[PDB]
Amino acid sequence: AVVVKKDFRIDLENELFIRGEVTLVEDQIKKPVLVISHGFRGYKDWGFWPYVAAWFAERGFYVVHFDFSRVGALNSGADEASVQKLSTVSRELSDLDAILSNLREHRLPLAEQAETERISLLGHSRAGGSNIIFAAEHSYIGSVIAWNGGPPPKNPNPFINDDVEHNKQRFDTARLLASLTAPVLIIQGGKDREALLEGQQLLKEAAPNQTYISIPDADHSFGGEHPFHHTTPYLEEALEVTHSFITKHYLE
């Protein structure tokens, strides 16, 4: 019943990098992969991410979670313009492309026990959107789950302005959700900002093929703000729902 965490570092261009972990219960078998993208205010050790990774590893998964490279940029002392540039959706797609490449090429720790034929994505808050986009554009992503995110990327950040401006087509996740044949689960907590609940309803109208679950009394983080002293009822429901969802759409 032993959960190994294996650190890794992917080196990117300039001095950029991605720090992450593989979380896994070692048996001698390839296990379905869960790649977790944290939120734009979050990071890989914040709050419930250690717990969530371990939860899934205990329940049969090879789990990868990582810091977007803007997180390492900030922690390395980069000036605010550079972090702003690295905070775009395009940057998230690109970082995600580094992680999936290293996984598929079996370069991440313990990769022999990863079943790259069953890869799912889990995204939080705006990684929900960028994950939906990446899934839509890549054939080897079999399913994606967004926690309190998913509607199209909509600042003090001009780079985000330029990015959304030059990728209106590419990032329209209502369009993507409607045309994507792979299953998408969107979990939204009811006690969350009004604009997001309206965008969520817009998405549910655009693509009624997909799956939409609402946890009524849950905030933007299911009450799992840092530190993580214990789980909450809303987090445990999000987890049990995501697990049931990947489960049922595995044998389909």
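Don't overthink the numbering: it's just position in the shown sequence, from 1.
Participant: Using the PDB record, quantify the missing residues of the deposited sequence between residue 106 and residue 107 as none, 1 to 3, 4 to 9, or 10 or more.
Facilitator: Nothing is missing between them.
Participant: Mean CA temperature factor from the deposited coordinates, higher in 61 to 69 or in 44 to 52?
Facilitator: Between 44 to 52 and 61 to 69, it is 44 to 52.
Participant: Taking only the CA atoms, which stretch has the higher mean B-factor in the record, 126 to 134 or 163 to 171?
Facilitator: Of 163 to 171 and 126 to 134, the stretch with the higher C-alpha B-factor average is 163 to 171.
Participant: Looking at 120, 139, 116, 84, which has the highest Cα B-factor in the entry?
Facilitator: Among 120, 139, 116, 84, the PDB entry lists the largest C-alpha B-factor for 84.
Participant: According to the deposited entry, which of 145, 99, 74, 110 has the largest Cα B-factor?
Facilitator: Highest C-alpha B-factor among the listed options: 74.
Participant: Could you place residue 32 in the lowest, middle or highest third of its chain by Cα temperature factor, using the values in the record?
Facilitator: Lowest third of the chain for residue 32's C-alpha B-factor.
Participant: With respect to C-alpha B-factor, does residue 157 fall in the lowest, middle or highest third of the chain as deposited?
Facilitator: Ranked within chain, residue 157 CA B lands in the highest tercile.
Participant: Among the chain's modelled residues, which third holds the C-alpha B-factor of residue 232?
Facilitator: Within its chain, residue 232 is a lowest-third residue by C-alpha B-factor, going by the deposited values.
Participant: Taking the chain's C-alpha temperature factors as the reference, tell me which third residue 2 falls into: lowest, middle or highest.
Facilitator: For residue 2, whose C-alpha B-factor we compare with every modelled residue in the chain, the answer is the highest third.
Participant: Taking the values exactly as deposited, rank residue 24 by C-alpha B-factor within its chain and report the matching third: lowest, middle or highest.
Facilitator: Residue 24: CA B-factor falls in the lowest third of its chain.
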